[PDB]
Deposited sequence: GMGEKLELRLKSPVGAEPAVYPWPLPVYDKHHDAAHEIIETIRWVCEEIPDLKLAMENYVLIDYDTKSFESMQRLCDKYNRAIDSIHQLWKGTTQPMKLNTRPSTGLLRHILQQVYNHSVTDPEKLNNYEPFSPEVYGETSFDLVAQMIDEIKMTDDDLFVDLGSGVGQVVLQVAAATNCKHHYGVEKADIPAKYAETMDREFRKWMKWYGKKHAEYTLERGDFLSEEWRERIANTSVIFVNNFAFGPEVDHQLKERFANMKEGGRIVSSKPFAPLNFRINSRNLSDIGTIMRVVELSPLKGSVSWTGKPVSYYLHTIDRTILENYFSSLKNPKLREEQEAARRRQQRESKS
């Protein structure tokens, strides 16, 4: 039990890593998780950054236990010192805050790397930045209800719940492997958010089938749906159209394949198509990453067709 330990900046249980430090995949290992965690805690707390300014931006040897041990001791002592500074007159750091996008990206990486330990069993990454663009574009409020349809190991739900104020966030997933992993991710996410002292809106990861009778009314009372439908066959896409027809006004759907055409002009031969009750717009892709679509339930376009004929 050689070990490295990192103290929480808010008194939660320390993160404990074994030595030699594990490798996650060809591009991520525990050594760098540690270094990046330290650096993010220095951004969280400016005094900490000052206290180890002469240590945080030097490229330690991640293969020497002593070099890594020196980094963690330097950090752990600085934390002890900050916790004393807060005991005095100096006020602590706020505990109600949401994590910045950078920090959240780092947390979700370590949560994933700690939860999904054999990513071969998920055979049968860059989703974070795409989801982040969408979070910036699709404004959400404490009124809204969020769902990720086919939520996987849950990371997109975790991202949105950490970023927005919605009253609730849901993921729904039918396969047992990803649902198993989702339970761990949930566990880890709560651990590390506590560890960093950061807030999240409420969320739930469920096992279930979003095309079932139970989910019909749930979809109808959902105001924000994300669905990566790029590989759904036409049966499933037709099933979802049926579900979305019952959505309240203003309800939003963001997808990769559109559920109604952009050009849709309403006429007598198509007046029952879903295109009659929703605006559709193509959303800008991220330079580095391809088409995404925003559907907003607007029944007034049906109204304007009936008002027009009535003239």
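K.L.:
Which deposited-sequence positions, grouped into ranges, are missing C-alpha coordinates?
P.N.:
Those stretches are 1-4, 129-138, 304-310, 333-352, listed in order.
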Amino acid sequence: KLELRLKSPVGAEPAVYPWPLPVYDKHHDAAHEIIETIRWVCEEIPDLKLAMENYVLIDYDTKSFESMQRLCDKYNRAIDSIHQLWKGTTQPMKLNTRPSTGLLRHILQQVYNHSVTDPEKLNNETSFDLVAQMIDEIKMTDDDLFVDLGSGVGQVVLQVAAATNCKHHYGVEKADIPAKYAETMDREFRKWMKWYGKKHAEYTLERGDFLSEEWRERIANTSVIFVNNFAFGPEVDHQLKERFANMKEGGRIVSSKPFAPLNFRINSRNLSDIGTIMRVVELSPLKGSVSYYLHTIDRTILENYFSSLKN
From here on, numbers count along this sequence of modelled residues.
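The term rigid core refers to the most C-alpha atoms you can superpose between the two forms while keeping them within 1.5 Å.
K.L.:
Superpose by the rigid core and compare 189-197 with 230-238; which one moves more, by C-alpha RMS, in 8 other deposited structures of this protein?
P.N.:
It is 230-238 that deviates more in 8 other deposited structures of this protein.
K.L.:
Please pick 3-11 or 302-310, whichever has its Cα atoms farther from the shown form in 8 other deposited structures of this protein after a rigid core fit.
P.N.:
Higher root mean square deviation of C-alphas in 8 other deposited structures of this protein is shown by 302-310.
K.L.:
Checking the other PDB entries that cover both flanking residues: does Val56 lack coordinates in at least a third?
P.N.:
Across the compared entries, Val56 is left out in at least a third.
K.L.:
Between 236-244 and 149-157, name whichever shows the higher mean Cα B factor according to the PDB entry.
P.N.:
Result: 236-244.
K.L.:
Determine, for stretches 74-82 and 209-217, which one has the higher mean CA B-factor as deposited.
P.N.:
Higher mean C-alpha B-factor: 209-217.
K.L.:
Report the option among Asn228, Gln109, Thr101, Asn96 whose CA atom has the maximum B-factor in the deposited record.
P.N.:
Comparing C-alpha B-factors across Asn228, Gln109, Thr101, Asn96, the top value belongs to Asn96.
K.L.:
Of the choices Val41, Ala31, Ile253, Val56, which one's C-alpha carries the largest B-factor in the record?
P.N.:
Reading the PDB entry, the winner on C-alpha B-factor is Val56.
K.L.:
Looking at the temperature factor on the CA atom of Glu188, which third of the chain's modelled residues does it land in?
P.N.:
CA B-factor rank for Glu188: lowest third.
K.L.:
Name the third of the chain's ranked CA B-factors that contains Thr204, choosing lowest, middle or highest.
P.N.:
Tercile = middle for this residue's CA B-factor.
K.L.:
Taking the chain's C-alpha temperature factors as the reference, tell me which third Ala51 falls into: lowest, middle or highest.
P.N.:
Its C-alpha B-factor belongs to the highest third of this chain's values.
K.L.:
According to the PDB entry, is the CA B factor of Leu302 in the bottom, middle or top third of its chain, that is, lowest, middle or highest?
P.N.:
For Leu302, the deposited C-alpha B-factor lands in the highest third.
K.L.:
Going by what the PDB entry lists, where does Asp129 fall on CA B-factor within its chain: lowest, middle or highest third?
P.N.:
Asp129: CA B-factor falls in the lowest third of its chain.
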